[PDB]
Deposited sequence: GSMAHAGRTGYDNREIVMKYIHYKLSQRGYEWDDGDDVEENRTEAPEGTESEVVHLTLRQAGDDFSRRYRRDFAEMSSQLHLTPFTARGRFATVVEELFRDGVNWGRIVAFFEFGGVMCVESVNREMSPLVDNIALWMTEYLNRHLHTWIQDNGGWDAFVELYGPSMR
């Protein structure tokens, strides 16, 4: 399981979901994360507006807004739900980038997400059973 592949495939899906095209055991994790992110986004929007509208995204502030939100997300701890929240948040930034006519920002966001996965989330993930444990945990929620 390679974290850069995981990020690129997730972002690709999030964008194709919106009508935007953007350039097997491992397949199981991608497909599971797909459904978990869609389920997260459904629950989120039931309680809140479309996340996209509460961003105030600009090319100048994009990295600082990414780092501030993600730092606070994981400040008091990690769990699989917060990791799912991290992937959806990064997907929303990518989607909003395309919407607001800054599509090259997507490539930076994907890099920031890979960096954060490799540098700050890799330890908890490995200590907690790896991605196979996410697949195991999310199993009964698949539809």
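*Asks:* Extract from the deposited sequence all ranges with no corresponding C-alpha coordinates, numbering residues from 1.
*Replies:* No coordinates exist for the deposited residues in 1 to 10, 34 to 48, so these stretches are absent from the model.
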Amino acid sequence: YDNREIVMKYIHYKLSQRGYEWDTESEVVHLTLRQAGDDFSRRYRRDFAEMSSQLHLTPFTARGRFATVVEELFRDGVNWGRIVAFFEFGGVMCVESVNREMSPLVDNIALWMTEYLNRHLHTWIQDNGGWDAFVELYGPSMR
From here on, numbers count along this sequence of modelled residues.
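*Asks:* If you take the mean CA temperature factor per stretch, which one wins between 90 to 98 and 47 to 55?
*Replies:* Looking at the recorded C-alpha B-factors, 47 to 55 comes out higher on average.
*Asks:* 81 to 89 versus 111 to 119: which one carries the higher mean Cα B factor per the record?
*Replies:* Taking the mean C-alpha B-factor of 111 to 119 and of 81 to 89, the larger value falls to 111 to 119.
*Asks:* In terms of recorded Cα temperature factor, pick the maximum from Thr61, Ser26, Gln35, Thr68.
*Replies:* Most elevated C-alpha B-factor of the set, per the entry: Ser26.
*Asks:* Please place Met8 in the lowest, middle or highest third of its chain by C-alpha B factor as given in the entry.
*Replies:* It belongs to the middle third of the chain when residues are ordered by C-alpha B-factor.
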